[PDB]
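Worksheet: one structure, shown below.
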Amino acid sequence: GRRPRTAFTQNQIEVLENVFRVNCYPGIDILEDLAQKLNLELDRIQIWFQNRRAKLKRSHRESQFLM
């Protein structure tokens, strides 16, 4: 249920980092591959990859303006 910005050991972050170089947004089979390997659930890795993109953007969002 609606989990906060999750964190790990940097020995788990560095696998996700070295993937994120190659695909700044992966597909489900790469999320399941990481899930079965890292012992994480797809939801935690989705929240990781989306907090990654959000951090890299730093301001603004696609479906957003506010003005």
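The way I read the labels, and the way they are meant: chains A, B, ... in the order of the structure tokens, residue 1 as the first residue of every chain, and ligand 1 as the first ligand shown, with later ones counted on from there.
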(request) Using only C-alpha atoms, determine which residues lie at most 10 Å from residue A:30, disregarding the query and same-chain residues fewer than 6 positions distant; provide the list as a list in words. (result) residues 19, 23, 36 and 42 of chain A
(message) List as an MDAnalysis selection string the protein and nucleic acid residues near stretch 2-11 of chain A, meaning an atom at most 10 Å away when only C-alpha atoms are counted, but skip any in the same chain fewer than 3 places from it.
(response) chainID A and resid 14:17 38 43:45 47:48 50:51
Selection to disk with N, CA, C and O atoms, as a PDB file, in the first residue's frame:
```
ATOM      1  N   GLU A  14      23.609   0.471  -6.591  1.00  0.00           N
ATOM      2  CA  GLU A  14      24.556   0.406  -7.704  1.00  0.00           C
ATOM      3  C   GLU A  14      24.172  -0.563  -8.830  1.00  0.00           C
ATOM      4  O   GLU A  14      24.528  -0.305  -9.979  1.00  0.00           O
ATOM      5  N   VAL A  15      23.410  -1.633  -8.562  1.00  0.00           N
ATOM      6  CA  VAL A  15      22.891  -2.458  -9.667  1.00  0.00           C
ATOM      7  C   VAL A  15      21.844  -1.666 -10.454  1.00  0.00           C
ATOM      8  O   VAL A  15      21.908  -1.594 -11.679  1.00  0.00           O
ATOM      9  N   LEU A  16      20.918  -1.020  -9.741  1.00  0.00           N
ATOM     10  CA  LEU A  16      19.856  -0.199 -10.316  1.00  0.00           C
ATOM     11  C   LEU A  16      20.410   1.021 -11.074  1.00  0.00           C
ATOM     12  O   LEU A  16      20.017   1.246 -12.214  1.00  0.00           O
ATOM     13  N   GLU A  17      21.378   1.751 -10.511  1.00  0.00           N
ATOM     14  CA  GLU A  17      22.203   2.755 -11.196  1.00  0.00           C
ATOM     15  C   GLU A  17      22.792   2.247 -12.515  1.00  0.00           C
ATOM     16  O   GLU A  17      22.568   2.851 -13.565  1.00  0.00           O
ATOM     17  N   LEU A  38      17.497  -9.156  -6.921  1.00  0.00           N
ATOM     18  CA  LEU A  38      17.824  -8.271  -5.792  1.00  0.00           C
ATOM     19  C   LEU A  38      17.090  -8.634  -4.485  1.00  0.00           C
ATOM     20  O   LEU A  38      17.409  -8.081  -3.430  1.00  0.00           O
ATOM     21  N   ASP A  43       6.952  -3.146  -7.342  1.00  0.00           N
ATOM     22  CA  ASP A  43       6.493  -1.867  -6.776  1.00  0.00           C
ATOM     23  C   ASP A  43       7.644  -1.034  -6.178  1.00  0.00           C
ATOM     24  O   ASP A  43       7.795   0.138  -6.523  1.00  0.00           O
ATOM     25  N   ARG A  44       8.507  -1.621  -5.333  1.00  0.00           N
ATOM     26  CA  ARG A  44       9.684  -0.912  -4.792  1.00  0.00           C
ATOM     27  C   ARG A  44      10.625  -0.442  -5.898  1.00  0.00           C
ATOM     28  O   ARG A  44      11.156   0.664  -5.793  1.00  0.00           O
ATOM     29  N   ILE A  45      10.854  -1.254  -6.935  1.00  0.00           N
ATOM     30  CA  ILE A  45      11.745  -0.845  -8.042  1.00  0.00           C
ATOM     31  C   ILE A  45      11.088   0.182  -8.975  1.00  0.00           C
ATOM     32  O   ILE A  45      11.768   1.105  -9.411  1.00  0.00           O
ATOM     33  N   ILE A  47       8.862   2.530  -7.771  1.00  0.00           N
ATOM     34  CA  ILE A  47       9.094   3.714  -6.927  1.00  0.00           C
ATOM     35  C   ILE A  47      10.563   4.166  -6.993  1.00  0.00           C
ATOM     36  O   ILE A  47      10.800   5.372  -7.045  1.00  0.00           O
ATOM     37  N   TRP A  48      11.553   3.269  -7.048  1.00  0.00           N
ATOM     38  CA  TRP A  48      12.949   3.668  -7.273  1.00  0.00           C
ATOM     39  C   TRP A  48      13.146   4.371  -8.627  1.00  0.00           C
ATOM     40  O   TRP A  48      13.567   5.530  -8.650  1.00  0.00           O
ATOM     41  N   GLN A  50      10.992   5.730 -10.813  1.00  0.00           N
ATOM     42  CA  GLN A  50      10.239   6.990 -10.877  1.00  0.00           C
ATOM     43  C   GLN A  50      10.783   8.072  -9.943  1.00  0.00           C
ATOM     44  O   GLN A  50      10.885   9.220 -10.386  1.00  0.00           O
ATOM     45  N   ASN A  51      11.233   7.765  -8.714  1.00  0.00           N
ATOM     46  CA  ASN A  51      11.950   8.788  -7.938  1.00  0.00           C
ATOM     47  C   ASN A  51      13.255   9.221  -8.624  1.00  0.00           C
ATOM     48  O   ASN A  51      13.614  10.392  -8.556  1.00  0.00           O
TER      49      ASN A  51
END
```
(request) Kindly give the distance, in Å, that separates atom CA of residue A:64 and atom CA of residue A:24, rounded to a single decimal. (result)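 Pair atom CA of residue A:64 / atom CA of residue A:24 returns 20.6 Å.
As for atom CA of residue A:27 and atom CA of residue A:49, they are spaced 10.9 Å apart.
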(message) If we count only C-alpha atoms and set the cut-off at 10 Å, which residues sit around residue A:28, ignoring sequence neighbours fewer than 5 positions away in its own chain? Please answer as a list in words.
(response)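 Counting only C-alpha atoms, the residues come to residues 33, 34, 42 and 46 of chain A.
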(request) Pick out the closest residue to residue A:53 from this set: A:65, A:37, A:32, A:21. Count only C-alpha atoms. (result) A:21
(request) List every residue of stretch 1-66 of chain A that DSSP, applied to the backbone, labels as helix (DSSP H, G or I), and write the result as a PyMOL selection string. (result) chain A and resi 10-20+28-38+42-57
Write the residues you've just listed into a file as a short mmCIF file (atom, residue, chain, number, x, y, z; two decimals), in the first residue's frame, and include N, CA, C and O atoms for each of them.
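Here's the written file part-v2.cif:
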```cif
data_model
loop_
_atom_site.label_atom_id
_atom_site.label_comp_id
_atom_site.auth_asym_id
_atom_site.auth_seq_id
_atom_site.Cartn_x
_atom_site.Cartn_y
_atom_site.Cartn_z
N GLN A 10 23.68 0.83 -0.62
CA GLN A 10 24.26 1.27 -1.89
C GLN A 10 24.75 0.11 -2.77
O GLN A 10 24.80 0.26 -3.99
N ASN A 11 24.98 -1.09 -2.21
CA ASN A 11 25.26 -2.33 -2.95
C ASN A 11 24.04 -2.86 -3.75
O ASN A 11 24.18 -3.75 -4.59
N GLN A 12 22.84 -2.35 -3.46
CA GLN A 12 21.58 -2.60 -4.19
C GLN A 12 21.31 -1.45 -5.17
O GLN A 12 20.94 -1.69 -6.32
N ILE A 13 21.52 -0.21 -4.71
CA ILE A 13 21.43 1.00 -5.55
C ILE A 13 22.35 0.89 -6.76
O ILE A 13 21.90 1.16 -7.86
N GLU A 14 23.61 0.47 -6.59
CA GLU A 14 24.56 0.41 -7.70
C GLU A 14 24.17 -0.56 -8.83
O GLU A 14 24.53 -0.30 -9.98
N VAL A 15 23.41 -1.63 -8.56
CA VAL A 15 22.89 -2.46 -9.67
C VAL A 15 21.84 -1.67 -10.45
O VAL A 15 21.91 -1.59 -11.68
N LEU A 16 20.92 -1.02 -9.74
CA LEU A 16 19.86 -0.20 -10.32
C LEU A 16 20.41 1.02 -11.07
O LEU A 16 20.02 1.25 -12.21
N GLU A 17 21.38 1.75 -10.51
CA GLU A 17 22.20 2.76 -11.20
C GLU A 17 22.79 2.25 -12.52
O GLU A 17 22.57 2.85 -13.56
N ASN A 18 23.58 1.16 -12.48
CA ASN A 18 24.26 0.68 -13.68
C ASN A 18 23.31 0.12 -14.76
O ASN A 18 23.68 0.10 -15.93
N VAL A 19 22.07 -0.25 -14.40
CA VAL A 19 20.94 -0.45 -15.34
C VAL A 19 20.39 0.89 -15.86
O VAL A 19 20.30 1.07 -17.07
N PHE A 20 20.07 1.84 -14.98
CA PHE A 20 19.49 3.15 -15.30
C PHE A 20 20.30 3.94 -16.34
O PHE A 20 19.70 4.64 -17.15
N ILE A 28 8.64 -4.25 -18.02
CA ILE A 28 8.22 -5.12 -16.91
C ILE A 28 9.18 -6.30 -16.70
O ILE A 28 9.47 -6.63 -15.57
N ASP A 29 9.68 -6.92 -17.77
CA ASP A 29 10.60 -8.06 -17.68
C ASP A 29 11.95 -7.70 -17.05
O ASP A 29 12.52 -8.53 -16.35
N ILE A 30 12.45 -6.48 -17.26
CA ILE A 30 13.64 -5.96 -16.59
C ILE A 30 13.34 -5.66 -15.11
O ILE A 30 14.18 -5.91 -14.25
N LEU A 31 12.15 -5.14 -14.79
CA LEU A 31 11.70 -4.95 -13.41
C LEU A 31 11.54 -6.30 -12.68
O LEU A 31 12.06 -6.44 -11.58
N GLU A 32 10.87 -7.29 -13.28
CA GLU A 32 10.83 -8.68 -12.77
C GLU A 32 12.21 -9.34 -12.68
O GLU A 32 12.48 -10.04 -11.71
N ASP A 33 13.10 -9.17 -13.66
CA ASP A 33 14.49 -9.66 -13.55
C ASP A 33 15.21 -9.09 -12.32
O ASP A 33 15.75 -9.85 -11.50
N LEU A 34 15.16 -7.77 -12.13
CA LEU A 34 15.70 -7.11 -10.95
C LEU A 34 15.00 -7.57 -9.66
O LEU A 34 15.68 -7.84 -8.67
N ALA A 35 13.68 -7.72 -9.66
CA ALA A 35 12.90 -8.23 -8.54
C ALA A 35 13.36 -9.63 -8.10
O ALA A 35 13.69 -9.83 -6.93
N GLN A 36 13.43 -10.59 -9.04
CA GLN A 36 13.86 -11.96 -8.73
C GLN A 36 15.34 -12.05 -8.28
O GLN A 36 15.69 -12.93 -7.49
N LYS A 37 16.21 -11.15 -8.75
CA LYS A 37 17.64 -11.11 -8.40
C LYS A 37 17.93 -10.41 -7.07
O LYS A 37 18.55 -10.99 -6.19
N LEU A 38 17.50 -9.16 -6.92
CA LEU A 38 17.82 -8.27 -5.79
C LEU A 38 17.09 -8.63 -4.48
O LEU A 38 17.41 -8.08 -3.43
N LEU A 42 8.45 -5.62 -7.53
CA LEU A 42 8.35 -4.70 -8.67
C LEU A 42 7.92 -3.28 -8.26
O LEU A 42 8.51 -2.32 -8.73
N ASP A 43 6.95 -3.15 -7.34
CA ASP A 43 6.49 -1.87 -6.78
C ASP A 43 7.64 -1.03 -6.18
O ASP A 43 7.79 0.14 -6.52
N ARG A 44 8.51 -1.62 -5.33
CA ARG A 44 9.68 -0.91 -4.79
C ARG A 44 10.62 -0.44 -5.90
O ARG A 44 11.16 0.66 -5.79
N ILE A 45 10.85 -1.25 -6.93
CA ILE A 45 11.75 -0.85 -8.04
C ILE A 45 11.09 0.18 -8.98
O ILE A 45 11.77 1.10 -9.41
N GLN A 46 9.78 0.11 -9.20
CA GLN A 46 9.00 1.18 -9.84
C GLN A 46 9.12 2.51 -9.09
O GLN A 46 9.54 3.51 -9.68
N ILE A 47 8.86 2.53 -7.77
CA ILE A 47 9.09 3.71 -6.93
C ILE A 47 10.56 4.17 -6.99
O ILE A 47 10.80 5.37 -7.04
N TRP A 48 11.55 3.27 -7.05
CA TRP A 48 12.95 3.67 -7.27
C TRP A 48 13.15 4.37 -8.63
O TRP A 48 13.57 5.53 -8.65
N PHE A 49 12.82 3.72 -9.75
CA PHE A 49 12.99 4.28 -11.10
C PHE A 49 12.23 5.61 -11.30
O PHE A 49 12.78 6.57 -11.86
N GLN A 50 10.99 5.73 -10.81
CA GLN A 50 10.24 6.99 -10.88
C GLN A 50 10.78 8.07 -9.94
O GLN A 50 10.88 9.22 -10.39
N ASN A 51 11.23 7.77 -8.71
CA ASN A 51 11.95 8.79 -7.94
C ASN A 51 13.26 9.22 -8.62
O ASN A 51 13.61 10.39 -8.56
N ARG A 52 13.94 8.32 -9.34
CA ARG A 52 15.11 8.62 -10.17
C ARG A 52 14.84 9.67 -11.23
O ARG A 52 15.47 10.73 -11.23
N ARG A 53 13.87 9.40 -12.11
CA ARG A 53 13.41 10.35 -13.12
C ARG A 53 12.95 11.67 -12.50
O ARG A 53 13.49 12.71 -12.86
N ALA A 54 12.08 11.63 -11.49
CA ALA A 54 11.68 12.84 -10.75
C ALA A 54 12.87 13.68 -10.22
O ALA A 54 12.92 14.89 -10.44
N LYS A 55 13.88 13.05 -9.58
CA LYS A 55 15.10 13.72 -9.11
C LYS A 55 15.89 14.36 -10.26
O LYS A 55 16.22 15.54 -10.17
N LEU A 56 16.14 13.62 -11.34
CA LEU A 56 16.82 14.11 -12.55
C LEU A 56 16.09 15.29 -13.21
O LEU A 56 16.75 16.22 -13.71
N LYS A 57 14.75 15.30 -13.22
CA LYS A 57 13.94 16.44 -13.71
C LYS A 57 14.08 17.68 -12.82
O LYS A 57 14.27 18.78 -13.33
#
```
